[PDB]
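> protein.cif is reproduced in full below (mmCIF, C-alpha atoms and all ligand atoms).
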```cif
data_protein
loop_
_atom_site.label_atom_id
_atom_site.label_comp_id
_atom_site.auth_asym_id
_atom_site.auth_seq_id
_atom_site.Cartn_x
_atom_site.Cartn_y
_atom_site.Cartn_z
CA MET A 1 194.93 -125.17 -14.43
CA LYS A 2 195.68 -121.68 -15.77
CA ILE A 3 195.52 -119.17 -12.93
CA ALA A 4 195.60 -115.36 -12.71
CA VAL A 5 196.72 -114.10 -9.31
CA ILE A 6 195.17 -110.74 -8.45
CA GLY A 7 196.53 -109.46 -5.14
CA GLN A 8 199.56 -108.22 -3.23
CA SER A 9 202.04 -108.59 -0.34
CA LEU A 10 203.83 -111.64 1.09
CA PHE A 11 200.55 -113.53 1.45
CA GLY A 12 199.89 -113.09 -2.26
CA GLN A 13 203.46 -114.11 -3.01
CA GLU A 14 203.22 -117.32 -0.99
CA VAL A 15 199.86 -118.25 -2.54
CA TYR A 16 201.49 -117.68 -5.94
CA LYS A 17 204.52 -119.82 -5.03
CA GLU A 18 202.46 -122.68 -3.58
CA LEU A 19 200.08 -122.81 -6.54
CA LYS A 20 203.05 -122.79 -8.95
CA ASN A 21 204.63 -125.70 -7.10
CA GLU A 22 201.41 -127.70 -7.24
CA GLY A 23 201.90 -127.60 -11.00
CA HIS A 24 199.44 -124.83 -11.89
CA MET A 25 200.29 -122.47 -14.75
CA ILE A 26 200.35 -118.86 -13.57
CA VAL A 27 199.46 -117.07 -16.81
CA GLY A 28 199.45 -113.65 -15.13
CA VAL A 29 199.99 -111.58 -12.01
CA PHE A 30 198.05 -108.39 -11.32
CA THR A 31 199.29 -106.37 -8.34
CA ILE A 32 199.62 -102.78 -7.12
CA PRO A 33 201.98 -100.12 -8.57
CA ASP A 34 205.51 -99.62 -7.23
CA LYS A 35 205.69 -97.21 -4.30
CA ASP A 36 208.97 -95.33 -3.86
CA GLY A 37 211.09 -97.92 -5.67
CA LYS A 38 209.53 -100.66 -3.57
CA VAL A 39 208.24 -103.50 -5.72
CA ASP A 40 205.47 -105.73 -4.40
CA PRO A 41 206.84 -109.17 -3.35
CA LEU A 42 204.24 -110.84 -5.62
CA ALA A 43 205.53 -108.93 -8.66
CA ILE A 44 209.15 -109.69 -7.71
CA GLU A 45 208.59 -113.46 -7.45
CA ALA A 46 206.59 -113.65 -10.69
CA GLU A 47 209.02 -111.62 -12.84
CA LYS A 48 211.76 -113.94 -11.61
CA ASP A 49 209.79 -116.97 -12.83
CA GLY A 50 209.15 -115.19 -16.13
CA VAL A 51 205.42 -114.75 -15.46
CA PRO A 52 203.59 -111.70 -16.95
CA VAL A 53 203.22 -108.91 -14.36
CA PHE A 54 200.58 -106.18 -14.42
CA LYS A 55 200.36 -103.14 -12.12
CA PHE A 56 197.12 -101.34 -12.97
CA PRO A 57 196.57 -98.37 -10.63
CA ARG A 58 192.86 -99.12 -11.05
CA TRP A 59 190.36 -101.46 -12.71
CA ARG A 60 187.37 -99.12 -12.94
CA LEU A 61 186.71 -95.43 -13.61
CA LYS A 62 183.42 -93.53 -13.33
CA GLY A 63 182.04 -96.75 -11.86
CA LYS A 64 182.75 -98.59 -15.11
CA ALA A 65 185.30 -101.24 -16.15
CA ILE A 66 188.36 -99.75 -17.87
CA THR A 67 188.25 -101.51 -21.26
CA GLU A 68 192.02 -101.43 -21.89
CA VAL A 69 192.95 -103.13 -18.63
CA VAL A 70 190.05 -105.60 -19.02
CA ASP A 71 191.48 -106.55 -22.42
CA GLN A 72 195.02 -106.88 -21.04
CA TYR A 73 193.70 -109.13 -18.27
CA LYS A 74 191.62 -111.22 -20.68
CA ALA A 75 194.69 -111.76 -22.86
CA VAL A 76 196.44 -114.17 -20.47
CA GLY A 77 193.58 -116.68 -20.73
CA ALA A 78 193.05 -117.49 -17.05
CA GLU A 79 190.83 -120.48 -16.21
CA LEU A 80 190.58 -119.28 -12.60
CA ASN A 81 191.18 -116.01 -10.78
CA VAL A 82 192.80 -116.19 -7.34
CA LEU A 83 192.58 -113.05 -5.15
CA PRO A 84 195.04 -113.12 -2.21
CA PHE A 85 194.65 -109.76 -0.42
CA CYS A 86 193.30 -107.77 -3.34
CA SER A 87 192.69 -104.23 -2.13
CA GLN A 88 190.18 -103.21 -4.82
CA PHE A 89 186.73 -104.22 -6.08
CA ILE A 90 187.25 -106.13 -9.32
CA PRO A 91 184.69 -105.57 -12.12
CA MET A 92 182.48 -108.56 -12.94
CA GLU A 93 183.84 -108.49 -16.50
CA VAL A 94 187.07 -109.75 -14.92
CA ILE A 95 185.55 -111.85 -12.12
CA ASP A 96 183.25 -113.79 -14.49
CA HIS A 97 185.72 -114.11 -17.38
CA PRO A 98 187.49 -117.35 -16.45
CA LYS A 99 185.82 -120.74 -16.86
CA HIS A 100 186.00 -121.26 -13.08
CA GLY A 101 185.28 -117.66 -12.04
CA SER A 102 187.18 -116.16 -9.10
CA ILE A 103 187.92 -117.04 -5.46
CA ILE A 104 188.89 -114.56 -2.73
CA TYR A 105 190.73 -114.92 0.59
CA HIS A 106 189.05 -113.19 3.55
CA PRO A 107 190.58 -113.24 7.04
CA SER A 108 187.32 -113.56 8.99
CA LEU A 109 184.51 -116.04 9.53
CA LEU A 110 182.11 -114.76 6.85
CA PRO A 111 179.43 -113.45 6.91
CA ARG A 112 180.89 -111.80 10.01
CA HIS A 113 183.35 -108.93 9.49
CA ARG A 114 182.91 -108.27 5.80
CA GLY A 115 185.26 -105.40 4.94
CA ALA A 116 188.93 -104.57 4.40
CA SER A 117 190.02 -104.63 8.07
CA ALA A 118 188.38 -107.88 9.20
CA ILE A 119 191.27 -108.89 11.45
CA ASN A 120 191.22 -105.57 13.29
CA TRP A 121 187.49 -105.80 13.96
CA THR A 122 187.76 -109.43 14.98
CA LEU A 123 189.90 -108.18 17.88
CA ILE A 124 188.19 -104.81 18.49
CA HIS A 125 184.90 -106.60 19.14
CA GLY A 126 186.59 -109.11 21.44
CA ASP A 127 185.63 -112.16 19.34
CA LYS A 128 186.62 -115.48 20.92
CA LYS A 129 186.77 -117.28 17.56
CA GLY A 130 188.45 -116.00 14.41
CA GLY A 131 189.52 -117.56 11.13
CA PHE A 132 189.51 -117.13 7.37
CA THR A 133 187.15 -117.80 4.48
CA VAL A 134 187.68 -118.69 0.83
CA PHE A 135 184.64 -117.49 -1.10
CA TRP A 136 183.48 -117.02 -4.70
CA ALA A 137 183.56 -113.37 -5.86
CA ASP A 138 180.21 -111.88 -6.81
CA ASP A 139 178.98 -108.34 -7.59
CA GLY A 140 178.79 -107.27 -3.93
CA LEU A 141 181.59 -106.68 -1.44
CA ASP A 142 182.66 -109.83 0.46
CA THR A 143 179.15 -111.21 -0.08
CA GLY A 144 179.86 -114.17 -2.38
CA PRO A 145 179.17 -117.83 -1.59
CA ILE A 146 181.60 -119.70 0.69
CA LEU A 147 183.94 -122.39 -0.72
CA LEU A 148 185.64 -123.29 2.58
CA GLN A 149 186.14 -121.82 6.05
CA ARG A 150 188.69 -122.49 8.82
CA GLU A 151 188.52 -121.41 12.48
CA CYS A 152 191.06 -120.57 15.16
CA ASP A 153 190.95 -119.42 18.76
CA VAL A 154 191.53 -115.75 19.50
CA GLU A 155 194.01 -115.36 22.37
CA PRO A 156 193.15 -112.68 24.98
CA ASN A 157 196.32 -110.67 24.18
CA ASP A 158 196.43 -111.40 20.44
CA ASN A 159 197.09 -108.31 18.35
CA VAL A 160 196.57 -108.09 14.57
CA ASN A 161 200.14 -109.22 13.98
CA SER A 162 200.16 -112.27 16.26
CA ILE A 163 196.95 -113.91 15.03
CA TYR A 164 197.92 -113.18 11.40
CA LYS A 165 201.38 -114.72 11.74
CA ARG A 166 200.25 -117.67 13.89
CA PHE A 167 197.17 -118.73 11.91
CA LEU A 168 195.57 -116.47 9.28
CA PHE A 169 198.66 -116.24 7.04
CA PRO A 170 200.01 -119.81 7.08
CA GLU A 171 196.65 -121.63 7.22
CA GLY A 172 195.19 -119.12 4.79
CA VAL A 173 197.86 -120.06 2.24
CA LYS A 174 196.95 -123.73 2.72
CA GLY A 175 193.26 -122.88 2.46
CA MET A 176 193.75 -121.20 -0.90
CA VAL A 177 195.74 -124.16 -2.19
CA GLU A 178 193.12 -126.64 -0.99
CA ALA A 179 190.40 -124.52 -2.61
CA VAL A 180 192.15 -124.53 -5.98
CA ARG A 181 192.56 -128.30 -5.64
CA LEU A 182 188.85 -128.72 -4.94
CA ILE A 183 188.05 -126.61 -8.01
CA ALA A 184 190.39 -128.69 -10.19
CA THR A 185 188.40 -131.82 -9.29
CA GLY A 186 185.01 -130.09 -9.63
CA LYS A 187 184.19 -130.68 -5.96
CA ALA A 188 184.39 -127.08 -4.70
CA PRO A 189 181.00 -126.07 -3.24
CA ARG A 190 179.09 -122.78 -3.15
CA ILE A 191 177.45 -122.16 0.20
CA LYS A 192 175.39 -118.96 0.15
CA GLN A 193 176.41 -116.78 3.09
CA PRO A 194 173.62 -117.00 5.70
CA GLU A 195 171.76 -113.79 6.54
CA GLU A 196 172.14 -114.24 10.30
CA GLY A 197 175.46 -112.98 11.65
CA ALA A 198 176.36 -110.83 8.66
CA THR A 199 178.31 -107.73 9.70
CA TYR A 200 180.33 -105.15 7.83
CA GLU A 201 182.87 -102.73 9.30
CA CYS A 202 184.67 -99.79 7.70
CA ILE A 203 188.38 -99.92 6.92
CA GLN A 204 190.62 -98.94 9.85
CA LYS A 205 192.92 -95.96 9.35
CA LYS A 206 194.90 -93.65 11.63
CA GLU A 207 192.03 -91.13 11.63
CA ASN A 208 189.44 -93.52 13.11
CA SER A 209 191.75 -95.45 15.46
CA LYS A 210 191.65 -92.77 18.17
CA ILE A 211 191.07 -94.21 21.65
CA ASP A 212 187.87 -93.71 23.69
CA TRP A 213 188.91 -93.66 27.36
CA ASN A 214 185.34 -94.07 28.64
CA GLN A 215 185.17 -97.88 28.43
CA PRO A 216 186.13 -100.78 30.73
CA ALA A 217 189.82 -101.76 30.57
CA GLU A 218 188.99 -104.86 28.50
CA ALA A 219 187.34 -102.83 25.72
CA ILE A 220 190.28 -100.38 25.52
CA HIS A 221 192.59 -103.41 25.46
CA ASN A 222 190.67 -104.78 22.48
CA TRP A 223 190.82 -101.43 20.67
CA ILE A 224 194.59 -101.11 21.10
CA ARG A 225 195.43 -104.71 20.14
CA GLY A 226 192.86 -104.57 17.34
CA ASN A 227 194.90 -101.77 15.75
CA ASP A 228 198.37 -103.08 16.64
CA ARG A 229 200.53 -102.78 14.67
CA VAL A 230 198.54 -101.05 11.91
CA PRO A 231 197.24 -98.45 11.90
CA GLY A 232 198.05 -97.99 15.60
CA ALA A 233 195.58 -96.86 18.25
CA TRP A 234 196.38 -93.39 19.56
CA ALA A 235 195.38 -90.64 21.98
CA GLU A 236 196.53 -87.13 22.88
CA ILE A 237 199.11 -86.81 25.68
CA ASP A 238 200.73 -83.43 26.47
CA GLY A 239 199.51 -82.02 23.15
CA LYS A 240 201.21 -84.91 21.37
CA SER A 241 199.54 -87.71 19.42
CA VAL A 242 200.86 -90.86 21.10
CA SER A 243 200.29 -94.37 19.69
CA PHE A 244 199.96 -97.49 21.87
CA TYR A 245 201.35 -100.98 21.20
CA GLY A 246 201.62 -104.26 23.11
CA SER A 247 198.63 -104.21 25.45
CA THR A 248 198.06 -106.96 28.04
CA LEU A 249 195.27 -107.07 30.63
CA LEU A 250 196.55 -106.72 34.20
CA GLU A 251 195.34 -107.68 37.68
CA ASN A 252 198.53 -106.86 39.61
CA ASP A 253 200.68 -104.99 40.49
CA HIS A 254 198.00 -102.83 42.12
CA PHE A 255 198.22 -99.98 42.27
CA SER A 256 201.14 -99.92 42.99
CA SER A 257 201.80 -96.15 42.84
CA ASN A 258 205.43 -97.26 42.64
CA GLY A 259 205.16 -96.03 39.07
CA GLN A 260 205.11 -92.40 37.94
CA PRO A 261 201.64 -90.81 37.50
CA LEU A 262 200.75 -89.46 34.04
CA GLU A 263 197.70 -87.31 33.32
CA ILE A 264 195.90 -88.30 30.13
CA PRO A 265 193.32 -86.01 28.48
CA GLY A 266 189.95 -87.71 29.02
CA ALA A 267 190.95 -90.82 30.97
CA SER A 268 188.99 -91.98 34.04
CA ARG A 269 192.14 -91.48 36.15
CA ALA A 270 195.89 -90.91 35.76
CA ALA A 271 197.96 -93.58 34.03
CA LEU A 272 201.15 -94.92 35.59
CA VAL A 273 204.62 -95.10 34.03
CA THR A 274 206.07 -98.32 35.47
CA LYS A 275 209.07 -100.62 35.09
CA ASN A 276 207.17 -102.88 32.70
CA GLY A 277 205.39 -100.20 30.66
CA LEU A 278 202.50 -97.74 30.71
CA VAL A 279 199.67 -98.86 33.01
CA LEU A 280 196.29 -97.49 31.84
CA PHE A 281 192.92 -97.54 33.60
CA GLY A 282 189.46 -98.22 32.18
CA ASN A 283 186.38 -96.72 33.81
CA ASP A 284 185.90 -99.98 35.72
CA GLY A 285 189.13 -99.23 37.56
CA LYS A 286 190.84 -102.26 36.01
CA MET A 287 194.21 -102.10 34.27
CA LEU A 288 195.95 -102.80 31.00
CA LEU A 289 199.70 -102.57 30.46
CA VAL A 290 201.02 -100.96 27.28
CA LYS A 291 204.60 -102.01 26.53
CA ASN A 292 205.45 -99.65 23.69
CA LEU A 293 204.61 -96.05 22.81
CA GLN A 294 205.24 -94.01 19.66
CA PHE A 295 205.19 -90.29 18.95
CA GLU A 296 204.59 -88.66 15.56
CA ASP A 297 207.88 -88.98 13.67
CA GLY A 298 209.70 -91.27 16.07
CA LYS A 299 210.69 -94.86 16.67
CA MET A 300 208.85 -96.88 19.31
CA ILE A 301 209.98 -96.34 22.90
CA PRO A 302 209.14 -98.50 25.92
CA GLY A 303 206.25 -97.18 28.00
CA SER A 304 208.64 -97.29 30.96
CA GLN A 305 210.72 -94.61 29.28
CA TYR A 306 207.96 -92.03 28.71
CA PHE A 307 209.45 -89.43 31.07
CA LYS A 308 213.12 -90.20 30.35
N1 LIG B 401 183.87 -108.42 -7.40
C1 LIG B 401 184.47 -108.42 -6.13
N2 LIG B 401 185.75 -107.97 -6.01
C2 LIG B 401 186.34 -107.97 -4.82
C3 LIG B 401 185.64 -108.41 -3.71
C4 LIG B 401 184.36 -108.85 -3.90
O1 LIG B 401 183.72 -109.25 -2.93
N3 LIG B 401 183.75 -108.87 -5.08
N4 LIG B 401 186.28 -108.39 -2.42
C5 LIG B 401 187.46 -107.54 -2.38
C6 LIG B 401 188.23 -107.74 -1.09
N5 LIG B 401 187.50 -107.19 0.06
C7 LIG B 401 187.42 -105.73 0.28
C8 LIG B 401 186.52 -105.24 1.23
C9 LIG B 401 186.43 -103.86 1.46
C10 LIG B 401 187.23 -102.98 0.74
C11 LIG B 401 187.14 -101.44 0.99
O2 LIG B 401 186.21 -100.96 1.61
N6 LIG B 401 188.15 -100.62 0.50
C12 LIG B 401 188.09 -99.22 0.72
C13 LIG B 401 189.50 -98.70 0.84
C14 LIG B 401 189.50 -97.34 1.54
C15 LIG B 401 190.90 -96.75 1.43
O3 LIG B 401 191.88 -97.52 1.26
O4 LIG B 401 191.06 -95.50 1.52
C16 LIG B 401 187.39 -98.57 -0.46
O5 LIG B 401 186.60 -97.60 -0.25
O6 LIG B 401 187.59 -98.99 -1.64
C17 LIG B 401 188.15 -103.47 -0.22
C18 LIG B 401 188.24 -104.84 -0.45
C19 LIG B 401 188.32 -107.95 -3.53
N7 LIG B 401 187.66 -107.49 -4.68
#
```
Spell out the structure here as structure tokens.


Amino acid sequence: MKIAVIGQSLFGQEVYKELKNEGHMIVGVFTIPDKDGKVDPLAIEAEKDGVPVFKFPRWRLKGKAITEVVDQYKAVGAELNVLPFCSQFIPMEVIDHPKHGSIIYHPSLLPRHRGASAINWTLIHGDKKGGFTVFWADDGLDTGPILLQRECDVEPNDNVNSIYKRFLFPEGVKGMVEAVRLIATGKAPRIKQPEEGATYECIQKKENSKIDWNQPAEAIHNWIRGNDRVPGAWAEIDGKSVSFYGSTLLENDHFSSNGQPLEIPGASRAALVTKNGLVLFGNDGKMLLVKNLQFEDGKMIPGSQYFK
């Protein structure tokens, strides 16, 4: 069928490539503008194949569909919209235009963790199960009926990057392909998201990823890994904003005070700079080990090297 891909990044690119190689006609690609001479991988792949590429900075203005970009989108005659990591709300004029409507990839088990940072909040909350959903776009935000859903286990030391690379990206690409295949045969279902279990969390940015030291070690662990690598959990140390990466929960070594003590504004007790990284304490007296640190305008350095 004729497909318009509305999205961005490598995930969008791979979904594009896989749908193309299943024989679908990509009549158009709608991604984000170039940033600093960097072209989105989805736009790069499509232009190569000779597929129309659009880079609208926005779809709506004054809470109303921009008619010119709606007309440019309509022109390619999509029979189905596919939205692999689309960062903006798409007007219903566009969503409802194709014969088959529009499907969206969401990296959480909907209705849980609606929102733009679902993977982060999966880990911040300490969820044991994660996964992705393919759902039909409607007029709300991540509220549309489910087409298919796939689960995976969340590992205790998973960060955003590890669970994305291991499962959410590669199985997500397959999920989108399978969904399009189900639509092509008319078998794709529409399961209304249940009320029970619906949550929504705000997008994670640097501003709201600051660490709260007054939790048990496990909760701090979840916060750090839930924002690793982006946008990076951080806290003030020595009047510097320091970001934390590569947290693992730790039983031993205890203490061992073989490491070098580091005072941290607001922590339950002093951290420890050790051979294997920065040991931090939660208010339960238990430990997590942070392997990598980062200062404002700087490359990552090992936690072991904080003083050096
Ligand atoms: N029709 C329709 N269009 C959609 C979706 C939909 O379900 N229905 N789902 C969208 C994907 N999911 C989200 C969920 C939350 C946000 C979000 O909250 N973005 C912040 C970004 C904040 C920022 O970057 O500064 C905002 O305020 O716009 C964006 C896409 C794709 N477009």

> Which residues, written as a list in words, have at least one atom at most 8 Å from residue A:279, with all atoms listed in the file counted and residues fewer than 6 positions away on the same chain left out?

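My reading of the contact set: residues 271, 272, 273, 287, 288, 289 and 290 of chain A.
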
> Please write out the residues within 10 Å of ligand LIG 401 (chain B) as a ChimeraX atom specification, counting all atoms listed in the file.

/A:6-7,83-96,102-107,113-118,135-145,200-205

> If you count only C-alpha atoms, which residues fall within 10 Å of residue A:242, apart from same-chain ones fewer than 4 positions away, as a list in words?

residues 210, 232, 233, 234, 235, 236, 237, 238, 293, 294, 295 and 296 of chain A

> So how many Å separate atom CA of residue A:58 and atom CA of residue A:168, to one decimal?

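Between atom CA of residue A:58 and atom CA of residue A:168 the gap is 26.9 Å.
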
> Near residue A:18, within 12 Å and counting all atoms listed in the file, which residues show up once chain neighbours fewer than 6 positions away are dropped, as a ChimeraX atom specification?

/A:5,11-12,24-26,45,170,172-178,180-181

> Is it possible to get the residues within 10 Å of (200.3, -104.2, 16.6) (coordinates as in the file, counting only C-alpha atoms) written as a list in words?

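Returned residue set, sorted by chain then number, is residues 120, 158, 159, 160, 161, 162, 224, 225, 226, 227, 228, 229, 230, 231, 232, 233, 244, 245, 246, 247 and 292 of chain A.
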
> May I have the residues from that selection written out with C-alpha atoms, as a short mmCIF file (atom, residue, chain, number, x, y, z; two decimals), in the coordinates of the input?


```
data_model
loop_
_atom_site.label_atom_id
_atom_site.label_comp_id
_atom_site.auth_asym_id
_atom_site.auth_seq_id
_atom_site.Cartn_x
_atom_site.Cartn_y
_atom_site.Cartn_z
CA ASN A 120 191.22 -105.57 13.29
CA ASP A 158 196.43 -111.40 20.44
CA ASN A 159 197.09 -108.31 18.35
CA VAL A 160 196.57 -108.09 14.57
CA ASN A 161 200.14 -109.22 13.98
CA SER A 162 200.16 -112.27 16.26
CA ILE A 224 194.59 -101.11 21.10
CA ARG A 225 195.43 -104.71 20.14
CA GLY A 226 192.86 -104.57 17.34
CA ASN A 227 194.90 -101.77 15.75
CA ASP A 228 198.37 -103.08 16.64
CA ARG A 229 200.53 -102.78 14.67
CA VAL A 230 198.54 -101.05 11.91
CA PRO A 231 197.24 -98.45 11.90
CA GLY A 232 198.05 -97.99 15.60
CA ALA A 233 195.58 -96.86 18.25
CA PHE A 244 199.96 -97.49 21.87
CA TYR A 245 201.35 -100.98 21.20
CA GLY A 246 201.62 -104.26 23.11
CA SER A 247 198.63 -104.21 25.45
CA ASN A 292 205.45 -99.65 23.69
#
```

> Mind giving me the straight-line distance from atom CA of residue A:183 to atom CA of residue A:52 in Å, one decimal?

23.3 Å

> Take atom CA of residue A:191 and atom CA of residue A:82 and report the distance between them in Å, one decimal.

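Here the two named atoms are 18.1 Å from each other.
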
> Find, counting only C-alpha atoms, the residue in A:276, A:169, A:40, A:79 that gets nearest to residue A:252.

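When distances to residue A:252 are compared using only C-alpha atoms, the smallest one comes from A:276.
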
> Do you know which residues are at most 6 Å from residue A:76 counting all atoms listed in the file, after dropping those on the same chain fewer than 2 positions away, and could you put them as a list in words?

residues 27, 74 and 78 of chain A

> From the set A:243, A:75, A:98, A:187, which residue has the shortest atom-to-atom contact distance to residue A:299, counting all atoms listed in the file?

A:243

> Tell me which of A:283, A:72, A:274, A:81 sits closest to residue A:302, counting all atoms listed in the file.

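Nearest to residue A:302: A:274.
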
> For residue A:221, which residue out of A:254, A:240, A:286, A:206 is the nearest one, using only C-alpha atoms?

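Closest to residue A:221 of all the choices is A:286.
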
> Using the partial input, fill out stretch 179-190 of chain A with N, CA, C and O atoms; write the result as a PDB file, in the coordinates of the input.


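As written to disk, selection-v1.pdb reads:
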```pdb
ATOM      1  N   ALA A 179     191.531-124.991  -1.819  1.00  0.00           N
ATOM      2  CA  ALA A 179     190.400-124.520  -2.610  1.00  0.00           C
ATOM      3  C   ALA A 179     190.637-124.738  -4.096  1.00  0.00           C
ATOM      4  O   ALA A 179     189.755-125.232  -4.816  1.00  0.00           O
ATOM      5  N   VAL A 180     191.829-124.372  -4.567  1.00  0.00           N
ATOM      6  CA  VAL A 180     192.150-124.530  -5.980  1.00  0.00           C
ATOM      7  C   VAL A 180     192.106-126.013  -6.356  1.00  0.00           C
ATOM      8  O   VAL A 180     191.656-126.385  -7.442  1.00  0.00           O
ATOM      9  N   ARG A 181     192.561-126.852  -5.435  1.00  0.00           N
ATOM     10  CA  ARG A 181     192.560-128.300  -5.640  1.00  0.00           C
ATOM     11  C   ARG A 181     191.137-128.828  -5.753  1.00  0.00           C
ATOM     12  O   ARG A 181     190.836-129.668  -6.607  1.00  0.00           O
ATOM     13  N   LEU A 182     190.253-128.322  -4.898  1.00  0.00           N
ATOM     14  CA  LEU A 182     188.850-128.720  -4.940  1.00  0.00           C
ATOM     15  C   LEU A 182     188.196-128.281  -6.249  1.00  0.00           C
ATOM     16  O   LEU A 182     187.362-129.001  -6.803  1.00  0.00           O
ATOM     17  N   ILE A 183     188.575-127.106  -6.744  1.00  0.00           N
ATOM     18  CA  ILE A 183     188.050-126.610  -8.010  1.00  0.00           C
ATOM     19  C   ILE A 183     188.543-127.463  -9.168  1.00  0.00           C
ATOM     20  O   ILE A 183     187.785-127.761 -10.087  1.00  0.00           O
ATOM     21  N   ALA A 184     189.807-127.876  -9.119  1.00  0.00           N
ATOM     22  CA  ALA A 184     190.390-128.690 -10.190  1.00  0.00           C
ATOM     23  C   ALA A 184     189.671-130.030 -10.354  1.00  0.00           C
ATOM     24  O   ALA A 184     189.612-130.579 -11.457  1.00  0.00           O
ATOM     25  N   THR A 185     189.121-130.550  -9.260  1.00  0.00           N
ATOM     26  CA  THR A 185     188.400-131.820  -9.290  1.00  0.00           C
ATOM     27  C   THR A 185     186.880-131.625  -9.392  1.00  0.00           C
ATOM     28  O   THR A 185     186.128-132.601  -9.392  1.00  0.00           O
ATOM     29  N   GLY A 186     186.430-130.374  -9.467  1.00  0.00           N
ATOM     30  CA  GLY A 186     185.010-130.090  -9.630  1.00  0.00           C
ATOM     31  C   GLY A 186     184.181-130.284  -8.370  1.00  0.00           C
ATOM     32  O   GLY A 186     182.942-130.330  -8.425  1.00  0.00           O
ATOM     33  N   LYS A 187     184.859-130.379  -7.228  1.00  0.00           N
ATOM     34  CA  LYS A 187     184.190-130.680  -5.960  1.00  0.00           C
ATOM     35  C   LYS A 187     183.930-129.444  -5.102  1.00  0.00           C
ATOM     36  O   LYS A 187     183.178-129.511  -4.125  1.00  0.00           O
ATOM     37  N   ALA A 188     184.560-128.328  -5.454  1.00  0.00           N
ATOM     38  CA  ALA A 188     184.390-127.080  -4.700  1.00  0.00           C
ATOM     39  C   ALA A 188     182.911-126.687  -4.638  1.00  0.00           C
ATOM     40  O   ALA A 188     182.233-126.642  -5.664  1.00  0.00           O
ATOM     41  N   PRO A 189     182.407-126.420  -3.422  1.00  0.00           N
ATOM     42  CA  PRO A 189     181.000-126.070  -3.240  1.00  0.00           C
ATOM     43  C   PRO A 189     180.768-124.575  -3.293  1.00  0.00           C
ATOM     44  O   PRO A 189     181.727-123.812  -3.444  1.00  0.00           O
ATOM     45  N   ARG A 190     179.507-124.178  -3.149  1.00  0.00           N
ATOM     46  CA  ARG A 190     179.090-122.780  -3.150  1.00  0.00           C
ATOM     47  C   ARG A 190     178.029-122.567  -2.092  1.00  0.00           C
ATOM     48  O   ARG A 190     176.843-122.625  -2.400  1.00  0.00           O
TER      49      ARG A 190
END
```
